[PDB]
Amino acid sequence: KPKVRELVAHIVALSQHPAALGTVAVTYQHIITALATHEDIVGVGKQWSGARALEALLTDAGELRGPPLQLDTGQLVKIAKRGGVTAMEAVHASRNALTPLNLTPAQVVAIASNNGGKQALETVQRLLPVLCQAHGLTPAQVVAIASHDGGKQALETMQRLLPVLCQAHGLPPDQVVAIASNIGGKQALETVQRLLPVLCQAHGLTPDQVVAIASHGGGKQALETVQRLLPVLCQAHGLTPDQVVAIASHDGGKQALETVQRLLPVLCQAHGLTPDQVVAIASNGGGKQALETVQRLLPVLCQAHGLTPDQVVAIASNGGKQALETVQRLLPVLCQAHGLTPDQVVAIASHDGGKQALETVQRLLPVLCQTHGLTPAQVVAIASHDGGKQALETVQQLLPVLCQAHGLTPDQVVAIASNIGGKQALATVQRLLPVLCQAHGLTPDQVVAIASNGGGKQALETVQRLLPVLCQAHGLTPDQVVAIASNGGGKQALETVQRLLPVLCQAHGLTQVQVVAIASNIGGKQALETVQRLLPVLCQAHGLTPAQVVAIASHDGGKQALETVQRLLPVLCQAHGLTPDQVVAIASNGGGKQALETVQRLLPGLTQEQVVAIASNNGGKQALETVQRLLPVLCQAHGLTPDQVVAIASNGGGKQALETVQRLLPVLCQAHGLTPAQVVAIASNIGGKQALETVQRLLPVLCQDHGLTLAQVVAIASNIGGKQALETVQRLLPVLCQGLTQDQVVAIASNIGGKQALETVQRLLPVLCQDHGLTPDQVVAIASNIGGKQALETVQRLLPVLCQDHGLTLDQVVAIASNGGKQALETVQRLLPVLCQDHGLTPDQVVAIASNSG
DNA sequence: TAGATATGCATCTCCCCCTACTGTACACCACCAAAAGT
DNA sequence: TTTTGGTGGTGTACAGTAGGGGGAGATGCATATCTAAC
């Protein structure tokens, strides 16, 4: 009865368990005496030495569940899976010798668990001391070379060749540890010596280039295909040195390069696919699998899902063969069944994970929506990061657990799942969460905000480990720490702070506050160290105090900025005459290095006050570049002058604003009457792209249904937050009038942050008509300042105290909530005592803050 | 040799961490001119 | 003179995009002796 398509003393289908066979160690019996899954034991009798490995396991496992054996379980299954009966024997033999002292079980399992099992093992107990002695290495690195198949060839050709490499090629030791700590270990070490110089003096390869071309599995194979194939491309494909080079610094480097020579031209010649891009799809784990797959799937994806070649490529880049493929398989099943768009889908498929998430999304989409109350969006946003499957999975297995073990909201948990690390971070969460509230004085939010950012696990950890300490003689009020552990270079920052806090005050008399504001950016370490060098250089020889260094140094990426000054600072005054104080300014917004450089390049109709300006925001680079691109094209619509476009661009969403004035200047002037002036007003603001667009898609509805005029809608849209302003105005207009008035709403909304102002009214609307009584209008009158959603909130929080505790009148408070709002409000409440208390004064002139009066 | 027995090497897929660049929204403040009380 | 408004500059978050690394596990074939049925 043939589960269909020299068995065996039962034909294969014996103890009906699964069909999950062979199973070819042609060797079989359960014989079970259980103690894990079927998937494991099967996964072990699948190997040379299967049975004998299952039985030996029995002698170490029974020799486990009585006395202190040093080990976990599936751990033991791992020793038997990859180590074989062989390694398993070398362990319940050598265990006490390792327990001395060797290593942790962490690192024993780690080196017994391969093919050189027993040898790798036996060897390490022979050469670990001689490695930490005569060469000073670590229980860490050594067991990191034995840890892969070949540890015996690995360690040995490490003791023979470590010298030749530095006695004639001088590669730092940590660099040979990076050449050996791999599968071809030996074959890397070997092919370095044989081929290290025969290129540099015939090709020009930075010695660190090939150290990192050999720091993978396939070393021998990468340089032999670099040296061999290098010209064909650099000839009639002409890639730079470092391009071919970096296509080669990965596992299975050879076939990346070989499929380039093979497929590079034939791709772009009849697939408009830049060389530069092909090179990108090559340069990744398994790239060949990409190029190969790509030639077959580019046109079918573009012609069945109408995908753009840049998306298919973007997916090819880091989702790989499995990701494109998985998107062929499931584009329809998804985009056209569970509410998805071929863009949210590509979004999911354009990360290493790839296949792995798309699938885990398919399955658990409703499971997490239907049940644990999420939306397709929030799920397709926990899915779009390298650790997709992982993060989604754990969200499912920890959401109500986190919601009940303490009380962490839902939206809040989605925020922790949605970056790389969702698992490790939600798992360092459940670990350390309480260990920091009753026992370490950090709140819930104060910590989810450590999870929620890029930092994750490594950053929550360095916090318990280093938050008590740091405040011993470094000071740093927690506020200061929780901020530091909240960026990407998290763990890196906190450490580097323990490091150079003193070398900064003990050298630059640079305050604390001054520094916690450097350890507080996505790229902490990169800056602390880079100011240590580049501080003395500047203030001394150029012109900056400490401030101007720290100011330049405090954005995600401090490093690049400083460096691009020391290099390019002078030149901008020695050729470009930008008053240095204007140059420490085109360089202290996040894209620093990049804006500096693009002034150097591009500066050469316009001025310096005017150019320092356009480049001074995050736009920086794409700011100017687009300016040149469009300044011409723009002064030719009914639009602009030179002044105008400049003002459009002196703001963060620059390039976005411009290309949205361009793509939409004459589109709604045929739907309304916008002089180009009005348009420029909507876009000479942060978030143009969103304010022009929304103005276009939402203009019809208001004017036609709600009657809102043009001017009204333009007063709305031309403040900062147009999109929010509008999309919140329309949403909530009807609801207010039915006793608010049309213009009262429009007014409250016609201020920056109108969206928020409108809301806090809709919300705290009754509380004031109902309690310490106030009329809709005095209220509207508070809510229409920029004070807004803030002066209102505080005004309820303080009606009690100022009228009762202090002695005030509802019409004086409104007249502050409506003049100086929030701060002026509290500050009054909290300054009245003083003046009356030192040497004679009265609460008569202290309200509102009457001019003078002395 | 055939093929166990035991170990070495290459390649491919996935999951994790750090750093740099870009873009949107809010809240305050302060300075200077129109617009009004008086 | 007071009362508003308008503009620009500053500080700060919050939100999105982009690629630099490494490292673990699986599978499949590649060797090196030794053992074993032929």
# chains A, B, ... in the order shown; residues from 1 in each chain; ligands from 1
$ closest_atom_pairs --of "chain B" --to "region 9-12 of chain C" --cutoff "10 Å" --atoms "only C-alpha atoms (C1' of nucleotides)" --output "tab-separated table"
residue	atom	partner	partner_atom	distance
B:26	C1'	C:12	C1'	8.7
B:27	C1'	C:12	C1'	8.9
B:28	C1'	C:11	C1'	8.8
B:29	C1'	C:10	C1'	9.0
B:30	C1'	C:9	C1'	9.1
$ write_last_selection --atoms "N, CA, C and O atoms (P, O5', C5', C4', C3', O3' and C1' of nucleotides)" --output "PDB file, in the first residue's frame"
ATOM      1  P    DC B  26      -0.178  68.329  13.278  1.00  0.00           P
ATOM      2  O5'  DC B  26       0.492  68.509  14.728  1.00  0.00           O
ATOM      3  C5'  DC B  26       1.725  69.158  14.853  1.00  0.00           C
ATOM      4  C4'  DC B  26       2.020  69.447  16.296  1.00  0.00           C
ATOM      5  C3'  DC B  26       1.295  70.668  16.893  1.00  0.00           C
ATOM      6  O3'  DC B  26       1.451  70.530  18.296  1.00  0.00           O
ATOM      7  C1'  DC B  26       3.581  71.159  16.658  1.00  0.00           C
ATOM      8  P    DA B  27       0.440  71.193  19.332  1.00  0.00           P
ATOM      9  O5'  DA B  27       1.389  72.208  20.111  1.00  0.00           O
ATOM     10  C5'  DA B  27       2.532  71.755  20.828  1.00  0.00           C
ATOM     11  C4'  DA B  27       3.462  72.910  21.116  1.00  0.00           C
ATOM     12  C3'  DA B  27       2.822  74.249  21.541  1.00  0.00           C
ATOM     13  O3'  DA B  27       3.243  74.646  22.851  1.00  0.00           O
ATOM     14  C1'  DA B  27       4.552  74.574  19.937  1.00  0.00           C
ATOM     15  P    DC B  28       2.596  75.948  23.544  1.00  0.00           P
ATOM     16  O5'  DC B  28       3.760  77.009  23.401  1.00  0.00           O
ATOM     17  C5'  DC B  28       5.028  76.698  23.871  1.00  0.00           C
ATOM     18  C4'  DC B  28       6.033  77.674  23.325  1.00  0.00           C
ATOM     19  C3'  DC B  28       5.793  79.154  23.613  1.00  0.00           C
ATOM     20  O3'  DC B  28       6.745  79.505  24.608  1.00  0.00           O
ATOM     21  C1'  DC B  28       6.746  78.755  21.453  1.00  0.00           C
ATOM     22  P    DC B  29       6.799  80.980  25.201  1.00  0.00           P
ATOM     23  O5'  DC B  29       7.671  81.768  24.130  1.00  0.00           O
ATOM     24  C5'  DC B  29       8.953  81.317  23.762  1.00  0.00           C
ATOM     25  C4'  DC B  29       9.598  82.369  22.901  1.00  0.00           C
ATOM     26  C3'  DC B  29       9.095  83.769  23.244  1.00  0.00           C
ATOM     27  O3'  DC B  29      10.163  84.692  23.010  1.00  0.00           O
ATOM     28  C1'  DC B  29       8.669  83.321  20.982  1.00  0.00           C
ATOM     29  P    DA B  30      10.210  86.120  23.749  1.00  0.00           P
ATOM     30  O5'  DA B  30      11.619  86.652  23.252  1.00  0.00           O
ATOM     31  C5'  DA B  30      12.211  86.087  22.088  1.00  0.00           C
ATOM     32  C4'  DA B  30      11.828  86.895  20.876  1.00  0.00           C
ATOM     33  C3'  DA B  30      11.333  88.314  21.183  1.00  0.00           C
ATOM     34  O3'  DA B  30      12.055  89.237  20.371  1.00  0.00           O
ATOM     35  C1'  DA B  30      10.015  87.316  19.543  1.00  0.00           C
TER      36       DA B  30
END
$ residues_around --residues "region 116-121 of chain A" --least-positions-apart "5" --cutoff "9 Å" --atoms "only C-alpha atoms (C1' of nucleotides)" --output "ChimeraX atom specification"
/A:79,82-84,86-91,108,111,126,146-155 /B:6-8
$ write_last_selection --atoms "N, CA and C atoms (P, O5', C5', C4', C3', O3' and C1' of nucleotides)" --output "PDB file, in the first residue's frame"
ATOM      1  N   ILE A  79      23.558  18.436  19.123  1.00  0.00           N
ATOM      2  CA  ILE A  79      24.913  17.841  19.129  1.00  0.00           C
ATOM      3  C   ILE A  79      24.896  16.588  18.267  1.00  0.00           C
ATOM      4  N   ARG A  82      24.307  17.347  14.035  1.00  0.00           N
ATOM      5  CA  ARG A  82      25.442  17.775  13.240  1.00  0.00           C
ATOM      6  C   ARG A  82      26.765  17.215  13.675  1.00  0.00           C
ATOM      7  N   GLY A  83      26.864  16.889  14.955  1.00  0.00           N
ATOM      8  CA  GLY A  83      28.110  16.366  15.487  1.00  0.00           C
ATOM      9  C   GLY A  83      28.309  14.879  15.184  1.00  0.00           C
ATOM     10  N   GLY A  84      27.201  14.165  15.088  1.00  0.00           N
ATOM     11  CA  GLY A  84      27.274  12.735  14.843  1.00  0.00           C
ATOM     12  C   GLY A  84      27.580  11.930  16.092  1.00  0.00           C
ATOM     13  N   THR A  86      29.988  10.520  16.781  1.00  0.00           N
ATOM     14  CA  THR A  86      31.355  10.865  17.038  1.00  0.00           C
ATOM     15  C   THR A  86      31.479  11.979  18.050  1.00  0.00           C
ATOM     16  N   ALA A  87      30.966  13.160  17.755  1.00  0.00           N
ATOM     17  CA  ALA A  87      31.069  14.265  18.691  1.00  0.00           C
ATOM     18  C   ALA A  87      30.384  13.904  20.012  1.00  0.00           C
ATOM     19  N   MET A  88      29.252  13.221  19.908  1.00  0.00           N
ATOM     20  CA  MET A  88      28.527  12.894  21.097  1.00  0.00           C
ATOM     21  C   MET A  88      29.364  12.069  22.040  1.00  0.00           C
ATOM     22  N   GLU A  89      30.191  11.168  21.484  1.00  0.00           N
ATOM     23  CA  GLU A  89      31.090  10.345  22.305  1.00  0.00           C
ATOM     24  C   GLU A  89      32.173  11.227  22.950  1.00  0.00           C
ATOM     25  N   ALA A  90      32.813  12.080  22.151  1.00  0.00           N
ATOM     26  CA  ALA A  90      33.822  13.000  22.670  1.00  0.00           C
ATOM     27  C   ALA A  90      33.222  13.966  23.737  1.00  0.00           C
ATOM     28  N   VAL A  91      31.901  13.997  23.887  1.00  0.00           N
ATOM     29  CA  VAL A  91      31.366  14.867  24.908  1.00  0.00           C
ATOM     30  C   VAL A  91      31.110  14.088  26.210  1.00  0.00           C
ATOM     31  N   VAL A 108      30.366  25.011  23.906  1.00  0.00           N
ATOM     32  CA  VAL A 108      30.765  23.637  23.734  1.00  0.00           C
ATOM     33  C   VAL A 108      29.822  23.185  22.630  1.00  0.00           C
ATOM     34  N   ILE A 111      30.761  23.897  19.146  1.00  0.00           N
ATOM     35  CA  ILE A 111      31.923  23.396  18.399  1.00  0.00           C
ATOM     36  C   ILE A 111      31.924  21.883  18.222  1.00  0.00           C
ATOM     37  N   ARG A 126      43.460  21.396  23.092  1.00  0.00           N
ATOM     38  CA  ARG A 126      44.911  21.334  22.884  1.00  0.00           C
ATOM     39  C   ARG A 126      45.498  22.714  22.562  1.00  0.00           C
ATOM     40  N   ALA A 146      36.498  27.279  15.670  1.00  0.00           N
ATOM     41  CA  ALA A 146      36.211  25.880  15.842  1.00  0.00           C
ATOM     42  C   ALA A 146      34.740  25.676  15.647  1.00  0.00           C
ATOM     43  N   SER A 147      33.986  26.740  15.805  1.00  0.00           N
ATOM     44  CA  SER A 147      32.551  26.687  15.755  1.00  0.00           C
ATOM     45  C   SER A 147      31.972  26.301  14.421  1.00  0.00           C
ATOM     46  N   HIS A 148      32.770  26.395  13.359  1.00  0.00           N
ATOM     47  CA  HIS A 148      32.270  25.960  12.056  1.00  0.00           C
ATOM     48  C   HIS A 148      33.018  24.697  11.599  1.00  0.00           C
ATOM     49  N   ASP A 149      32.409  23.953  10.712  1.00  0.00           N
ATOM     50  CA  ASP A 149      33.016  22.810  10.062  1.00  0.00           C
ATOM     51  C   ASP A 149      34.441  23.145   9.655  1.00  0.00           C
ATOM     52  N   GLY A 150      35.413  22.349  10.111  1.00  0.00           N
ATOM     53  CA  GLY A 150      36.802  22.595   9.711  1.00  0.00           C
ATOM     54  C   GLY A 150      37.710  23.195  10.785  1.00  0.00           C
ATOM     55  N   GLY A 151      37.149  23.322  11.997  1.00  0.00           N
ATOM     56  CA  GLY A 151      37.851  23.876  13.140  1.00  0.00           C
ATOM     57  C   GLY A 151      39.259  23.344  13.241  1.00  0.00           C
ATOM     58  N   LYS A 152      39.433  22.029  12.970  1.00  0.00           N
ATOM     59  CA  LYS A 152      40.766  21.408  13.003  1.00  0.00           C
ATOM     60  C   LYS A 152      41.656  22.007  11.873  1.00  0.00           C
ATOM     61  N   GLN A 153      41.184  22.045  10.636  1.00  0.00           N
ATOM     62  CA  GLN A 153      41.972  22.672   9.602  1.00  0.00           C
ATOM     63  C   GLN A 153      42.012  24.187   9.959  1.00  0.00           C
ATOM     64  N   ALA A 154      40.926  24.674  10.540  1.00  0.00           N
ATOM     65  CA  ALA A 154      40.870  26.088  10.817  1.00  0.00           C
ATOM     66  C   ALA A 154      41.934  26.538  11.770  1.00  0.00           C
ATOM     67  N   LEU A 155      41.894  25.991  12.986  1.00  0.00           N
ATOM     68  CA  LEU A 155      42.858  26.338  14.021  1.00  0.00           C
ATOM     69  C   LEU A 155      44.306  26.030  13.603  1.00  0.00           C
TER      70      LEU A 155
ATOM     71  P    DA B   6      32.903   6.151  12.537  1.00  0.00           P
ATOM     72  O5'  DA B   6      33.298   7.613  12.051  1.00  0.00           O
ATOM     73  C5'  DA B   6      34.662   7.908  11.861  1.00  0.00           C
ATOM     74  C4'  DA B   6      34.858   9.202  11.122  1.00  0.00           C
ATOM     75  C3'  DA B   6      34.255  10.454  11.738  1.00  0.00           C
ATOM     76  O3'  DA B   6      35.366  11.137  12.243  1.00  0.00           O
ATOM     77  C1'  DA B   6      34.238  10.495   9.324  1.00  0.00           C
ATOM     78  P    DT B   7      35.187  12.493  13.055  1.00  0.00           P
ATOM     79  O5'  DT B   7      35.898  13.469  12.016  1.00  0.00           O
ATOM     80  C5'  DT B   7      35.662  13.233  10.659  1.00  0.00           C
ATOM     81  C4'  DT B   7      36.527  14.091   9.782  1.00  0.00           C
ATOM     82  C3'  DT B   7      36.437  15.593  10.022  1.00  0.00           C
ATOM     83  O3'  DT B   7      37.638  16.111   9.494  1.00  0.00           O
ATOM     84  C1'  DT B   7      35.417  15.118   7.952  1.00  0.00           C
ATOM     85  P    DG B   8      38.130  17.574   9.878  1.00  0.00           P
ATOM     86  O5'  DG B   8      38.464  18.195   8.457  1.00  0.00           O
ATOM     87  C5'  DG B   8      37.446  18.147   7.462  1.00  0.00           C
ATOM     88  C4'  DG B   8      37.882  18.788   6.167  1.00  0.00           C
ATOM     89  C3'  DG B   8      37.738  20.304   6.082  1.00  0.00           C
ATOM     90  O3'  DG B   8      38.611  20.866   5.105  1.00  0.00           O
ATOM     91  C1'  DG B   8      36.055  19.285   4.764  1.00  0.00           C
TER      92       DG B   8
END
$ closest_atom_pairs --of "chain B" --to "chain A" --cutoff "7 Å" --atoms "only C-alpha atoms (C1' of nucleotides)" --output "JSON lines"
{"residue": "B:7", "atom": "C1'", "partner": "A:116", "partner_atom": "CA", "distance": 5.7}
{"residue": "B:8", "atom": "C1'", "partner": "A:150", "partner_atom": "CA", "distance": 6.0}
{"residue": "B:9", "atom": "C1'", "partner": "A:184", "partner_atom": "CA", "distance": 5.6}
{"residue": "B:10", "atom": "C1'", "partner": "A:218", "partner_atom": "CA", "distance": 5.7}
{"residue": "B:11", "atom": "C1'", "partner": "A:252", "partner_atom": "CA", "distance": 4.9}
{"residue": "B:12", "atom": "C1'", "partner": "A:286", "partner_atom": "CA", "distance": 5.4}
{"residue": "B:14", "atom": "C1'", "partner": "A:353", "partner_atom": "CA", "distance": 5.5}
{"residue": "B:15", "atom": "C1'", "partner": "A:387", "partner_atom": "CA", "distance": 5.4}
{"residue": "B:16", "atom": "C1'", "partner": "A:421", "partner_atom": "CA", "distance": 6.5}
{"residue": "B:18", "atom": "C1'", "partner": "A:489", "partner_atom": "CA", "distance": 5.6}
{"residue": "B:19", "atom": "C1'", "partner": "A:523", "partner_atom": "CA", "distance": 5.4}
{"residue": "B:20", "atom": "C1'", "partner": "A:557", "partner_atom": "CA", "distance": 5.5}
{"residue": "B:21", "atom": "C1'", "partner": "A:591", "partner_atom": "CA", "distance": 5.3}
{"residue": "B:22", "atom": "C1'", "partner": "A:618", "partner_atom": "CA", "distance": 6.1}
{"residue": "B:23", "atom": "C1'", "partner": "A:653", "partner_atom": "CA", "distance": 5.5}
{"residue": "B:24", "atom": "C1'", "partner": "A:687", "partner_atom": "CA", "distance": 5.6}
{"residue": "B:25", "atom": "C1'", "partner": "A:721", "partner_atom": "CA", "distance": 5.9}
{"residue": "B:26", "atom": "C1'", "partner": "A:753", "partner_atom": "CA", "distance": 5.8}
$ write_last_selection --atoms "C-alpha atoms (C1' of nucleotides)" --output "PDB file, in the first residue's frame"
ATOM      1  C1'  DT B   7      35.417  15.118   7.952  1.00  0.00           C
ATOM      2  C1'  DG B   8      36.055  19.285   4.764  1.00  0.00           C
ATOM      3  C1'  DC B   9      34.191  23.021   1.648  1.00  0.00           C
ATOM      4  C1'  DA B  10      30.815  26.012  -0.947  1.00  0.00           C
ATOM      5  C1'  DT B  11      26.421  28.245  -1.427  1.00  0.00           C
ATOM      6  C1'  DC B  12      21.930  29.834  -0.208  1.00  0.00           C
ATOM      7  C1'  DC B  14      17.011  34.187   6.852  1.00  0.00           C
ATOM      8  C1'  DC B  15      17.297  36.785  10.885  1.00  0.00           C
ATOM      9  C1'  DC B  16      19.903  40.373  13.767  1.00  0.00           C
ATOM     10  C1'  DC B  18      24.483  49.610  13.657  1.00  0.00           C
ATOM     11  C1'  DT B  19      24.658  53.985  11.084  1.00  0.00           C
ATOM     12  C1'  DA B  20      23.352  57.801   7.788  1.00  0.00           C
ATOM     13  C1'  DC B  21      20.118  60.406   5.154  1.00  0.00           C
ATOM     14  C1'  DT B  22      15.233  62.535   4.273  1.00  0.00           C
ATOM     15  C1'  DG B  23      10.667  64.304   5.443  1.00  0.00           C
ATOM     16  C1'  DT B  24       6.212  65.930   8.338  1.00  0.00           C
ATOM     17  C1'  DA B  25       3.912  68.068  12.278  1.00  0.00           C
ATOM     18  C1'  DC B  26       3.581  71.159  16.658  1.00  0.00           C
TER      19       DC B  26
END
$ select_by_dssp --residues "region 202-427 of chain A" --states "alpha helix (DSSP H)" --output "ChimeraX atom specification"
/A:202-203,207-214,219-236,241-248,254-268,275-282,287-302,309-318,320-335,342-349,355-366,376-380,388-405,411-417,422-427
$ interface_residues --of "chain C" --to "chain A" --cutoff "12 Å" --atoms "only C-alpha atoms (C1' of nucleotides)" --output "PDB file with C-alpha atoms (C1' of nucleotides), in the first residue's frame"
ATOM      1  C1'  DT C   2      -3.861  99.171  22.814  1.00  0.00           C
ATOM      2  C1'  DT C   3      -5.127  94.589  19.812  1.00  0.00           C
ATOM      3  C1'  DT C   4      -4.450  91.661  16.653  1.00  0.00           C
ATOM      4  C1'  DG C   5      -2.110  89.505  12.781  1.00  0.00           C
ATOM      5  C1'  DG C   6       1.701  88.100  10.126  1.00  0.00           C
ATOM      6  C1'  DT C   7       6.615  86.052   9.349  1.00  0.00           C
ATOM      7  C1'  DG C   8      10.534  83.931  10.429  1.00  0.00           C
ATOM      8  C1'  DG C   9      13.420  81.650  13.285  1.00  0.00           C
ATOM      9  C1'  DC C  14       7.655  61.855  15.130  1.00  0.00           C
ATOM     10  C1'  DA C  15       7.613  59.410  10.768  1.00  0.00           C
ATOM     11  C1'  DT C  17      13.951  55.570   3.585  1.00  0.00           C
ATOM     12  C1'  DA C  18      18.575  53.359   2.765  1.00  0.00           C
ATOM     13  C1'  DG C  19      22.209  50.357   3.150  1.00  0.00           C
ATOM     14  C1'  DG C  20      26.727  49.283   6.035  1.00  0.00           C
ATOM     15  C1'  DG C  21      28.074  44.682   8.827  1.00  0.00           C
ATOM     16  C1'  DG C  22      27.616  39.783  10.869  1.00  0.00           C
ATOM     17  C1'  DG C  23      26.123  35.334  12.047  1.00  0.00           C
ATOM     18  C1'  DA C  24      23.355  30.970  12.313  1.00  0.00           C
ATOM     19  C1'  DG C  25      21.390  26.747   9.909  1.00  0.00           C
ATOM     20  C1'  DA C  26      20.613  23.624   5.936  1.00  0.00           C
ATOM     21  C1'  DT C  27      21.762  21.183   2.111  1.00  0.00           C
TER      22       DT C  27
END
